[PDB]
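Reading through the structure tokens given below for one structure.
Derivation of every value follows stated rules applied to the coordinates shown; laboratory data play no part. Counting neighbours? That spans all protein chains shown, and the Cβs are built from the backbone with ideal geometry, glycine included.
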Amino acid sequence: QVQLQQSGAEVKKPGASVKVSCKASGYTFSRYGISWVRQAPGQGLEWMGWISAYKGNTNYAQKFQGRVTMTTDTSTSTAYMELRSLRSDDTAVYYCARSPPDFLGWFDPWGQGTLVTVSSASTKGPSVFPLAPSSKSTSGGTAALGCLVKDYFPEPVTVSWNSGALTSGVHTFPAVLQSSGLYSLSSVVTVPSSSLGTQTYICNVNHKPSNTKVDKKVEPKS
Amino acid sequence: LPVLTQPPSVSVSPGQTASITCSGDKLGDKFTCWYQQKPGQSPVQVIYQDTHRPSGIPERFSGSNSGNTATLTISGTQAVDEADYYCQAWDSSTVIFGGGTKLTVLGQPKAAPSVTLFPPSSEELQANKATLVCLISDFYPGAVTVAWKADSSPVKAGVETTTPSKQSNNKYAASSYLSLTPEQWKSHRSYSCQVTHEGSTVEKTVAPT
Amino acid sequence: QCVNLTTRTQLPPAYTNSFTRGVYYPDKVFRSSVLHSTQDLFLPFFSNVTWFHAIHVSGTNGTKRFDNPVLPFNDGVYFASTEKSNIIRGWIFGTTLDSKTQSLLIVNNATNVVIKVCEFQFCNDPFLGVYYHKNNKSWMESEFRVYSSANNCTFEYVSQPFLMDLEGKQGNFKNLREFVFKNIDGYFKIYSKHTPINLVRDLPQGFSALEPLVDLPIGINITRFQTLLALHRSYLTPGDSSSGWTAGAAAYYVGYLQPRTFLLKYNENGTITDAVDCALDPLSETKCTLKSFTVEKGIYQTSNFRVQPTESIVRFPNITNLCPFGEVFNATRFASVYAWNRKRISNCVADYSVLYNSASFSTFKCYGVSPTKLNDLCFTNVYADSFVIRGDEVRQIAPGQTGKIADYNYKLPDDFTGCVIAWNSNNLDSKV
Ligand SMILES: *[C@@H]1O[C@H](CO)[C@@H](O[C@@H]2O[C@H](CO)[C@@H](O)[C@H](O)[C@H]2NC(C)=O)[C@H](O)[C@H]1NC(C)=O
Ligand SMILES: *[C@@H]1O[C@H](CO)[C@@H](O[C@@H]2O[C@H](CO)[C@@H](O)[C@H](O)[C@H]2NC(C)=O)[C@H](O)[C@H]1NC(C)=O
Ligand SMILES: *[C@@H]1O[C@H](CO)[C@@H](O[C@@H]2O[C@H](CO)[C@@H](O)[C@H](O)[C@H]2NC(C)=O)[C@H](O)[C@H]1NC(C)=O
Ligand SMILES: *[C@@H]1O[C@H](CO)[C@@H](O[C@@H]2O[C@H](CO)[C@@H](O)[C@H](O)[C@H]2NC(C)=O)[C@H](O)[C@H]1NC(C)=O
Ligand SMILES: *[C@@H]1O[C@H](CO)[C@@H](O)[C@H](O)[C@H]1NC(C)=O
Ligand SMILES: *[C@@H]1O[C@H](CO)[C@@H](O)[C@H](O)[C@H]1NC(C)=O
Ligand SMILES: *[C@@H]1O[C@H](CO)[C@@H](O)[C@H](O)[C@H]1NC(C)=O
Ligand SMILES: *[C@@H]1O[C@H](CO)[C@@H](O)[C@H](O)[C@H]1NC(C)=O
């Protein structure tokens, strides 16, 4: 019956400030408190702070001390949190929980959370290297070779093997998002060790938001 | 900070009891809550004040707190009790959240994380840079972690680690990258990537040429 | 921030018997075995002391029945409590227990007592909220569960605490605490005593005097008071309501002081060991008349009996000449302003009330003597002067004025004694 509705999926630049709102319904807003909890994508929860809806009465964590300001508005019964001087490392999901008016516990109902994404890369083409088959990759009957396609923003990118010929052992791994803000990935395929250089193994890299198309051959190390 | 240490993965076959241990320092003068977060949703409080459970949470979650560890216990683990579980400790001044614990209702046989390591290619060496590539695959229970090694020591700078991703065969895969200048690449005689998974560990190693 | 706590309980408060309690040293003057009689505010012997059940717990799922009433403060109170816990903190005294009136607040925590005279905004159910640390040590005690605002703050005092716990207590004994409060001539005096007793249902049978604690120089008007209770925060619910606070059991005894005469038997160390209250019964009046605790056989004159008279019948003679003013105040033709008339009213019965309340007069000022006391005085002569003037010239008929009328038409001396009456007469005197 109780309800906390959050707002927005904001996208900011490094250095700007963001304000998140959380509107309550179903209970008396003036006799409780609101606490804010951060969660970076793929990480654990962090406590940001707490406010009592009676009269101001903030309590911030020392990591966010001096950067966050939390306010209430009991006439419209919403709560606001403002972060200043944003940077990468602050892109996360922000949650609003109904805490007691004192004693700083009880994160019960957990409004659905807003994703705040900071960054700025626009678009860029991939840089490709061939990862050669080697004896350190070779084991008995098979050896693995692949292609490393890195540093691109426009997420949808594809790498095929021999214009789509080899489907055995070809495995493209999920792209990784670096601190630089650009993606990177590597696709590898195993092939009998008797066939190190023998046949054709050319990775076809296509970047669809841009118009990049490059074929790179992978051969054993010199 | 009394920061709470909590294990990253607990694997339990369907029909047994799971036990999650949030161990931090002191923790006897603090109340502890337990929260449950399914993937893609907001968390749900399952234990509030030291063995107390709210209404709507079924009669298999039981808390405990004594000494320097808190414990969540699920009895008769179904497939719906598969989420992340967070431990939280509060006092008069602050609130600490612990790390995650991904619980898994083993719906298959513990697979072996196949590891594969690649050194920086030649063109990248000519490109005044270097990257080590560690790929992990087919390790159905997904609580993998990775550590990187220069000739004898561990390293903790220049490494990026993907979160595990589910494949078609419904097991997982992951990847990690190591950034190096080629002079550091030839500085140390060999590097290695090690992966730990359910206590077990497998490592691979490559030496420059 | 304050909570509705009061649950309606059908049960009335009980009544016990104050056998011989609530006696204090009404002065700082060492005595040594001197039987001293004193007339002062004391609690009467074998009186009817009300036993208030505050917070009390019944076990079904756990139900507390909060009922903590605001009581009168007639001439001082005797307060008593046998509490093993620390649930009785101080008191609030005042007149409205609101803004626009000052109030007095006494609060005892674990290391000090603090007394404030201030202008509070007490809630309908004030209490002291206590918080703990899971090792059962104290964290904070919020006084904002008592009042919502406290401004214009006059008096403040802080010292060693009034009431202490002293748990343990030699196995199975109970600690009775007694206080006497009285507010006279601008001073607020508090007397106290702590006495160990065993498992009795009521106040004990012995004797214990009360030594004075404080004499606060306030000057506060007190007619009502209320008791402060301490409740602990529950932590098993997020809300602030009545389910969010836990409590023990609380009960106390309240009796009222009355001006009586007490014969006090001192000890050689300066200790009131026993006493008796004159009046009450006859035997006691004899003991007081003889100034002793043992009367030998005889017959003793003890006092006097004097019937009492009610109502005051004032007899007198009829009335004839009640003054027919209806000639000077009821004439068909008045007199000019430059030759006013002069009637010398003489021996008669004058009723200035028919004048004063006739409501037909536009101006009725009395100078030597306010109007209502005219029908209660006697003089030698009354003169009545009559004339007609304009409407806005009636302000020159007064002692010490100037203008064409008061200068040379009609002048009133500067120590006038009578009264001046004036009314509009447009329809009689003005003609087209
Ligand atoms: C018990 O009461 C005393 C009297 O108010 C408290 O002492 C004061 O505490 C405040 C801060 O809480 C200080 O600003 C004052 O200077 C203190 N005054 C004195 C005279 O000590 C004391 O903190 C209270 N203790 C508890 C546990 O509530
Ligand atoms: C404390 O009491 C004084 C009066 O005793 C208050 O002063 C009055 O304030 C009102 C409005 O604020 C004015 O209309 C009056 O004229 C003031 N009185 C005098 C004598 O000037 C004062 O407001 C009180 N303090 C607080 C905080 O309310
Ligand atoms: C102290 O305050 C009380 C307030 O009750 C005064 O007593 C009378 O109370 C009744 C009840 O409301 C009022 O109708 C009367 O007007 C009050 N009396 C007067 C004279 O105003 C009491 O008088 C106050 N004492 C002093 C010394 O001011
Ligand atoms: C002058 O005489 C008249 C008439 O006798 C008095 O007028 C009466 O006043 C009372 C009280 O106001 C009324 O109830 C009567 O109705 C009035 N009389 C008539 C006939 O209606 C008047 O009081 C006299 N003046 C004085 C000063 O005594
Ligand atoms: C109970 O509290 C509410 C506000 O929380 C108030 O409106 C109401 O009047 C209170 N009840 C009584 C009987 O005063
Ligand atoms: C005290 O008062 C109650 C009623 O108010 C009465 O029943 C009782 O007898 C009184 N006690 C004494 C000792 O008179
Ligand atoms: C604190 O007090 C409560 C109630 O008095 C009791 O239940 C609890 O066990 C106590 N805890 C400790 C650590 O003494
Ligand atoms: C008080 O009086 C008692 C006898 O009543 C005596 O024994 C004692 O010495 C006196 N003095 C004290 C207690 O200082």
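When you go through B:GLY158, B:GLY142 one by one, which is the residue that is on the phi > 0 side of the Ramachandran plot and more than 10 Å from chain A (Cβ to nearest Cβ)?
Numbers: B:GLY142 fails: on the phi > 0 side of the Ramachandran plot.
The match here is B:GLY158.
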Taking the range A:119-154 as the search range and keeping residues that are within 21 Å of A:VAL214 (Cα to Cα) and assigned to a loop (DSSP other than H, G, I, E, B), which one is nearest to the other protein chains (Cβ to nearest Cβ)?
-> A:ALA132
In the range C:6-58, residues that are under 16 Å from C:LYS265 (Cα atoms), in contact with a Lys or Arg (Cβ under 7 Å, 6 or more places away or on another chain) and assigned to a loop (DSSP other than H, G, I, E, B) total 1
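Every residue, every condition in (1) out of contact with any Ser or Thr (no Cβ under 6 Å at 6 or more places or on another chain); (2) within 14 Å of chain A (Cβ to nearest Cβ); (3) surrounded by 14 or more Cβ atoms within 10 Å (Cβ to Cβ), yes or no:
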residue	(1), (2), (3)
B:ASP29	yes, no, no
B:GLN41	yes, yes, no
B:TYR48	yes, yes, yes
B:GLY56	yes, yes, no
B:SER66	yes, no, no
For the range C:370-394, name all the residues that are surrounded by fewer than 13 Cβ atoms within 10 Å (Cβ to Cβ) and either over 19 Å from C:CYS348 (Cα atoms) or within 48 Å of the chain's Cα centre (by Cα) (or both).
-> C:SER370, C:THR372, C:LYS373, C:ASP376, C:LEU377, C:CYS378, C:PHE379, C:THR380, C:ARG390, C:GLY391, C:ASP392
Of the listed residues (B:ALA147, B:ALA130), the one being within 11 Å of chain A (Cβ to nearest Cβ), within 21 Å of A:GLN178 (Cα to Cα), in contact with a strand residue (DSSP E or B) (Cβ under 6 Å, 6 or more places away or on another chain) and surrounded by 16 or more Cβ atoms within 10 Å (Cβ to Cβ) is B:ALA130
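Return the only residue of B:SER175, B:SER190, B:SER121, B:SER152 being more than 20 Å from A:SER186 (Cα to Cα) and at the interface with chain A (Cβ under 10 Å from one of its Cβ atoms).
On the way: B:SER175 fails: more than 20 Å from A:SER186 (Cα to Cα); B:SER121 fails: more than 20 Å from A:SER186 (Cα to Cα); B:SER152 fails: at the interface with chain A (Cβ under 10 Å from one of its Cβ atoms).
On inspection, the qualifying residue turns out to be B:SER190.
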Per the filter on the range B:83-104, residues more than 14 Å from every other protein chain (Cβ to nearest Cβ) and either loosely packed, with under 15 Cβ neighbours inside 10 Å or farther than 18 Å from B:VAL44 by Cβ (or both) are B:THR104
Which residues, counting only those in the range C:124-141, are in contact (Cβ under 8 Å) with a residue 12 or more places away in the chain and surrounded by fewer than 13 Cβ atoms within 10 Å (Cβ to Cβ)?
-> C:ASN124, C:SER138
Give me the pairs, please: first residue somewhere in the range B:180-209 and closer than 14 Å to B:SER153 by Cβ, second residue anywhere and exposed (fewer than 15 other Cβ atoms within 10 Å of the Cβ) and aliphatic (A, V, I, L, M), beta-carbon distance under 7 Å, and either six or more positions apart or on two chains.
-> B:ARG189/B:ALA207; B:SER190/B:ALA207
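Consider C:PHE144 carefully, then state whether it is buried (at least 18 other Cβ atoms within 10 Å of the Cβ) and within 16 Å of ligand 5 (Cβ to nearest atom).
Numbers: buried (at least 18 other Cβ atoms within 10 Å of the Cβ): no; within 16 Å of ligand 5 (Cβ to nearest atom): yes.
Here the answer is no, as C:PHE144 does not meet what is asked.
Yes or no: the range C:4-18 includes at least one residue that is touching a residue at least 60 places away in the same chain (Cβ under 8 Å), crowded, with 19+ Cβ neighbours inside 10 Å, more than 16 Å from ligand 1 (Cβ to nearest atom) and under 19 Å from C:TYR253 (Cβ atoms).
yes
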Which of the residues that make up the range A:58-75 are away from chain B (no Cβ under 14 Å), in a loop (DSSP other than H, G, I, E, B) and in contact with a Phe, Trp or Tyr (Cβ under 9 Å, 6 or more places away or on another chain)?
-> A:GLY66, A:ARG67, A:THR74
Collect the residues in the range C:92-124 that are assigned to a loop (DSSP other than H, G, I, E, B) and either within 16 Å of ligand 5 (Cβ to nearest atom) or more than 16 Å from C:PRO69 (Cα to Cα) (or both), keeping them in residue-number order.
-> C:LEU97, C:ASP98, C:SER99, C:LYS100, C:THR101, C:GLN102, C:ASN109, C:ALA110, C:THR111, C:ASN112, C:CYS123, C:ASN124
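Conditions tested, residue by residue: (1) over 23 Å from A:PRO109 (Cα atoms); (2) in contact with an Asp or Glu (Cβ under 7 Å, 6 or more places away or on another chain); (3) within 14 Å of chain A (Cβ to nearest Cβ); (4) assigned to a strand (DSSP E or B).
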residue: B:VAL3; (1), (2), (3), (4): yes, no, yes, no
residue: B:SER11; (1), (2), (3), (4): yes, yes, no, yes
residue: B:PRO14; (1), (2), (3), (4): yes, no, no, no
residue: B:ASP81; (1), (2), (3), (4): no, no, no, no
Would you check if C:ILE405 is of a type in the set (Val, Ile, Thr), more than 16 Å from ligand 2 (Cβ to nearest atom) and in contact with an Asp or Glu (Cβ under 6 Å, 6 or more places away or on another chain)?
-> yes
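If a residue must be hydroxyl-bearing (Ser, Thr, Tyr) and more than 18 Å from A:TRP50 (Cβ to Cβ), how many such residues does the range C:229-244 contain?
Taking the range C:229-244 and keeping what is hydroxyl-bearing (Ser, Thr, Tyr), we get C:234-235, C:237, C:241-243.
Okay, now just the ones that are also more than 18 Å from A:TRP50 (Cβ to Cβ), so C:234, C:241-243.
The number of residues fulfilling the criteria is 4.
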Just give me the residues in the range C:204-241 being of a type in the set (D, E, K, R), surrounded by 17 or more Cβ atoms within 10 Å (Cβ to Cβ) and either in a strand (DSSP E or B) or more than 14 Å from every other protein chain (Cβ to nearest Cβ) (or both), in sequence order.
-> C:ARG233
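Taking the range C:68-88, which residues are within 23 Å of C:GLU141 (Cβ to Cβ) and either touching an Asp or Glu at 6+ places or on another chain (Cβ under 9 Å) or among the acidic types (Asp, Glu) (or both)? Steps first, answer last, please.
The initial filter retains those residues of the range C:68-88 that are within 23 Å of C:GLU141 (Cβ to Cβ), namely C:68, C:70, C:79, C:81, C:83-88.
Selection gives C:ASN68, C:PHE79, C:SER81, C:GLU83, C:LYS84, C:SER85, C:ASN86.
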Within the range C:102-145, can you find the residues that are of a type outside the set (A, V, I, L, M, F, W, C) and within 16 Å of ligand 3 (Cβ to nearest atom)?
-> C:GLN102, C:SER103, C:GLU119
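Every residue, every condition in (1) more than 20 Å from C:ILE55 (Cα to Cα); (2) aromatic (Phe, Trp, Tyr), yes or no:
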| position | (1), (2) |
| --- | --- |
| C:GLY94 | yes, no |
| C:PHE127 | no, yes |
| C:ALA150 | yes, no |
| C:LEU176 | no, no |
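Give C:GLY248, C:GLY255, C:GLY244 a once-over and let me know the one that is within 16 Å of ligand 5 (Cβ to nearest atom) and surrounded by 15 or more Cβ atoms within 10 Å (Cβ to Cβ). Write out each step before concluding.
Numbers: C:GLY248 fails: within 16 Å of ligand 5 (Cβ to nearest atom); C:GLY255 fails: within 16 Å of ligand 5 (Cβ to nearest atom).
Going through C:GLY248, C:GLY255, C:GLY244 in turn, the sole match is C:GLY244.
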Can you find even one residue in the range A:181-202 that is within 30 Å of B:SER192 (Cβ to Cβ), within 11 Å of another protein chain (Cβ to nearest Cβ) and surrounded by fewer than 18 Cβ atoms within 10 Å (Cβ to Cβ)?
-> no
Among the residues of the range A:76-101, write down those that are within 14 Å of chain C (Cβ to nearest Cβ) and either farther than 30 Å from C:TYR131 by Cα or not in a strand (DSSP E or B) (or both).
-> A:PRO100, A:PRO101
Kindly establish whether B:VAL115 is touching a residue at least 60 places away in the same chain (Cβ under 8 Å), part of a strand (DSSP E or B) and closer than 22 Å to A:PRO174 by Cβ.
-> yes
Output the residues belonging to the range C:125-164 that are closer than 14 Å to C:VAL113 by Cβ and assigned to a loop (DSSP other than H, G, I, E, B).
-> C:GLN160, C:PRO161, C:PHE162, C:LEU163, C:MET164
